[PDB]
Structure formats: C-alpha cells, structure tokens
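Comments concern the structure below.
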Amino acid sequence: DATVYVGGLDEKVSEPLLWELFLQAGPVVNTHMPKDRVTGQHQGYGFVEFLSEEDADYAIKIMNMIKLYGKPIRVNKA
Amino acid sequence: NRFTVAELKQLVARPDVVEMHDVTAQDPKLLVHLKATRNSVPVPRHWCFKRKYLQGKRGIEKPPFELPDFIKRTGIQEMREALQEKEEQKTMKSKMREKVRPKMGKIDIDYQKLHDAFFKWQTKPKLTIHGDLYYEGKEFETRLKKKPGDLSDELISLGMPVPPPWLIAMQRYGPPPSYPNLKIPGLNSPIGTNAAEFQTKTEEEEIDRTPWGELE
Amino acid sequence: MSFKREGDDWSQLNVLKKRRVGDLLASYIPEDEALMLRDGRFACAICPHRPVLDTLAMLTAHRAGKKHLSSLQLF
Ligand SMILES: [Zn+2]
C-alpha cells in the first residue's frame, strides 16, 4: 500500500504543497506529481511512497479530508 | 568465523547504525561502537560507488555562480558586462591600437562605495553545522519533510476559521494506525480539561531574557 | 604604433584563433546536439551517457566516431 494514486487536481496545486497536504495525514517520503514538459502543465494525478504500510492504509481515508480548489481528490492503493 | 548482521545488531548498544558490510571488518565490535559514538561524522557515502565523485549527468547543467547581494550593490557586474560586450566587437587592429594609446578613467567605482560593500553591508551566508557532509545529490534533496498538527500558511486553501476540517472525520473514522502516539484536539487532546497552554503562558511570564555580557 | 601597426601579441592572437575555430566548427553542429557547460566545455547530447569534451575540435572529432554514430541512429 506504500504508494497511492491521486486523481482530479488543478495545476496551481504543487508537489511541495501536495507533500504538506498528505503529511497532514502522515509523511510522504517519496513524492511524484508529474510535470508535463510539452505544454508545461499538470494533468493532476499523483503517486506517493511512504515509510511502511502505515501511510498506505490511511491513504484512502486521507482522500476524503483532501479538497483542493473546491474539488475532491482520488486516493487508492498501489 | 564471522558475525552475521543479526548477532552484531544485538551485540551493539545501538543497532540502527550497523550495515551489510560491517561484519566484514577486522574488528567489527569496535567499528559499530565508533559509529554510534556522539558527534562523529560518517564516512562519505561514495566510497563504494563505481562512478567517480561529482562526475554525474545532473552536474552537467549547473548554472553559473551568482554574486552575493552586497557585491551586486556595487554595480561591478553591469560595468564589466558592458565592457566585455564592447570588447568582442573590436578587431585585433583596434585592440592593438588602444594598447599604445590607452584610455584612462574608464571603469572606476569610487572607493567609499567599495569600502561600504565590505565593511558595512557584509552579511554572513548560510552556513552548515559540523557533520553535515556534502554529497552529490544534496542540493536537490534539500526539500526534506512538516508534521501533522503543524500547518503551512498556504495550506489559505482551506480558508477555515481557527480546527481542521478532516478531524470532523478522524474522530468518526478513528485514530490513524500509522501514528501510535499522535494527539489532536477533541479526540484525545483538549480543545478532559485544557490547562496545557496556560502552563506555557505562566512559564513565559516567569523568564527573564536578557543576554549577559553583550555590547552596550 | 597607431599609424602603422607594429608587432603582434601572439598570446592574444592564439586566443582569437581558438574563437574562430570555435565559430567555424560550431556552425555545423545543431543546437540540440551539443550542450555547453558552465566552464566552457561541451557535452554530447545524443549519446545517453553525455560524454563531456574539452574543445569543439574534440566534439567534432567525437561526432565522427563510431560510438556516436551508433548512438545517433537510435535517436
Ligand atoms: Zn555523441
């Protein structure tokens, strides 16, 4: 579960902000939030590697708490 | 004849430091004793890497050096930039001709400004405490990782009066398993009684903060 | 030395020669292919391991070589 997939985001959101968003729940050890080079903008889906299982199990619940720019965010195991 | 890692880890007073290869040491007990002593800095990590130190593809794109601010206050960079931008336009004829008829008073900054840059505006840079060894990726992996119960100003996005929106659900769903000892108000922390914050106020009243022996 | 030039500064002439060799050889290298480092050295951007070469003469001589040509056709 150490990693989660996160959908439905707005490009003003940032990886550093995202790390602080999910570390509100529990620390994101490895952050991945693609920067698309071609048009220089984000599609808004994320992958998160944690310390161990603990971060992963919480992950799905952490999704409900999240609400970026008046919108929700998908979090599921991976 | 030699220890495996488990016996070594139990035999240390502190088993977090032992690595795969410490058992290959000629005296492994003393090695793990020294690795767990205070204030000693570890062996640079690239001792085992096959690629040479600092010879890595990311290091190709390093930007030019930037001057400090108190030096850019002198205006040296704009003057010398303009100067060398003229000197690429000149031919060898013209350069060798102004070497016999020179031009005085060209690139002169007054002395008082240069003295003030060094004796008034100098600022100490960011320094690093002992044991903070540089390694190759260091200046990119310097973002670190901010703990629950501590929020950033920007996370403004919530726009909520000051408790957390998620908590109204953490009490519902339960305390997260990943954190065994975490404490948040309303679940197991005072918004019992709430006298914890009063302690800090009373102590903060008690302290004198006047540093001894400073300049007048 | 103003009216008719006297002498020559062979060190600065050698600096000029290095610039003219650089301009000449650089005009035959497309801008993606070569990356110029902070100190004035050059890396080959085709080859996946980015070898770094000291002059443009060496970069051109590298781009002739067979390792570069094999790495070129994959890209
Ligand atoms: Zn090449």
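So the sequence lines, in the order shown, correspond to chains A, B and C. Residue 108 in my numbering sits at position 20 of the first sequence, and the numbers go up by one each step. Residue 377 in my numbering sits at position 162 of the second sequence, and the numbers go up by one each step. Residue 67 in my numbering sits at position 62 of the third sequence, and the numbers go up by one each step. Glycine is no exception: its CB is placed at the ideal position from the N, C-alpha and C atoms.
Nearest-angstrom Cα separation, counted from residue j out to residue i
| i | j | result |
| --- | --- | --- |
| B/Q225 | B/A251 | 14 Å |
| A/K155 | B/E281 | 40 Å |
| B/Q241 | B/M235 | 14 Å |
| B/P279 | C/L58 | 19 Å |
| C/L77 | C/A39 | 13 Å |
| B/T343 | A/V94 | 37 Å |
| residue 167 of chain A | A/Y157 | Residue 167 of chain A is absent from the structure shown; chain A starts at 89 and stops at 166. |
| C/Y33 | A/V116 | 48 Å |
| C/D13 | C/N19 | 11 Å |
| B/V238 | B/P340 | 42 Å |
| C/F8 | C/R43 | 41 Å |
| A/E99 | A/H130 | 5 Å |
| C/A69 | A/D124 | 34 Å |
| B/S309 | B/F334 | 40 Å |
| B/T306 | B/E300 | 13 Å |
| B/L366 | B/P379 | 10 Å |
| A/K159 | C/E36 | 43 Å |
Within-8 Å CB hit, residue i to chain B
| i | result |
| --- | --- |
| C/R55 | yes |
| C/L79 | no |
| C/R10 | yes |
| A/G128 | no |
| C/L40 | yes |
| C/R43 | yes |
| C/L29 | no |
| C/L74 | no |
| C/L18 | yes |
| C/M6 | yes |
Buried versus exposed call for residue i [16 or more other C-beta atoms within 10 Å across all chains shown]
| i | result |
| --- | --- |
| A/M121 | buried |
| A/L106 | buried |
| C/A48 | buried |
| A/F110 | buried |
| C/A66 | exposed |
| B/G320 | exposed |
| B/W381 | buried |
| A/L139 | exposed |
| A/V101 | buried |
| A/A113 | buried |
| C/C52 | buried |
Proximity test, Cβ basis, 8 Å: residue i and chain C
| i | result |
| --- | --- |
| B/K416 | no |
| B/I371 | no |
| B/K272 | yes |
| B/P278 | yes |
| B/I275 | yes |
| B/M307 | yes |
| B/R316 | yes |
CB contact below 8 Å: residue i versus chain A
| i | result |
| --- | --- |
| B/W381 | yes |
| B/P363 | yes |
| B/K360 | yes |
| B/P400 | no |
| B/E354 | no |
| B/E369 | yes |
| B/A384 | yes |
| B/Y349 | no |
| B/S404 | no |
| B/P392 | yes |
| B/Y388 | yes |
Under 7 Å from the C-beta of residue i: neighbouring residues of chain F
| i | result |
| --- | --- |
| B/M311 | Protein chains A, B and C are contained in the structure displayed, whereas chain F is not. |
Heavy atom of ligand 3 within 7 Å of residue i beta-carbon
| i | result |
| --- | --- |
| B/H345 | Looking at this structure, you won't find ligand 3 anywhere; what it does contain is ligand 1. |
- prompt: On the three-pair Cβ rule with 8 Å, is the region 389-396 of chain B touching the region 139-150 of chain A?
  reply: yes
message: Quick check: the region 257-273 of chain B against the region 345-365 of chain B, are at least 3 beta-carbon pairs closer than 8 Å?
response: yes
- prompt: Taking three-plus beta-carbon pairs below 8 Å as touching, is the region 281-301 of chain B in contact with the region 369-376 of chain B?
  reply: no
message: Any residue with its Cβ nearer than 5 Å to a heavy atom of ligand 1 should be included. What is that list in chain order?
response: C/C49, C/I51, C/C52, C/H73
- prompt: Quick check: the region 217-232 of chain B against the region 242-249 of chain B, are there 3 or more CB pairs under 8 Å?
  reply: yes
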